[PDB]
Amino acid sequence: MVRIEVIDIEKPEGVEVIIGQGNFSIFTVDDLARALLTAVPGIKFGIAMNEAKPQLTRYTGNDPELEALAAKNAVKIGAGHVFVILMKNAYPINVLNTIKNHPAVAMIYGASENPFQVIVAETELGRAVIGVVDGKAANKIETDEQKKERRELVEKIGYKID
């Protein structure tokens, strides 16, 4: 059996979501949370990770609301060893390497603040994340003018040196 379903990630506007595949849930949920604290001062987040054996969604973080939401999204996804992070006061570009560098992390499915979906397949054994829909799909290739625009915007955002 292979039934596929689409899960809409529930998160408030401005909150960044990161979905990944890990190992050793009881240790990692806490250890990865500690690691996230070292990435950006003031980062606020919730992290939840699924443990297969007891079929439990573990969670922690340093923000009640994001913790509740991370756990809710994680248990819905259900897939074993999948972890969900919901954060604010930090961007994926400031934390992805910290996550990829964690010894119990296998991979990261995706990360952003766009409307986000997790595609899950369920078999007679359990569930598996087969992909993520990170926002709407692109359907046109940028023009030279649009190239200039994005580059000016990147500098305006703060990625500029003297």
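We number the residues from 1 along the sequence you see.
J.: Using the B-factors recorded in the PDB entry, average over the C-alpha atoms of 5-13 and of 19-27, then report which stretch comes out higher.
T.: That would be 5-13.
J.: Using the temperature factors of the C-alpha atoms in this entry, rank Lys53 within its chain: lowest, middle or highest third.
T.: Its C-alpha B-factor, which the entry lists for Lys53, ranks in the highest third among residues of this chain.
J.: Within this chain, which third does the Cα B-factor at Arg34 fall in: lowest, middle or highest?
T.: As the PDB entry reports it, the C-alpha B-factor of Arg34 lands in the middle third of its chain.
J.: Could you say whether, by C-alpha temperature factor, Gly126 belongs to the lowest, middle or highest third of its chain?
T.: Within its chain, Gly126 is a middle-third residue by C-alpha B-factor, going by the deposited values.
J.: What third of its chain's C-alpha B-factors does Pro64 belong to: lowest, middle or highest?
T.: Ranked within chain, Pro64 CA B lands in the highest tercile.
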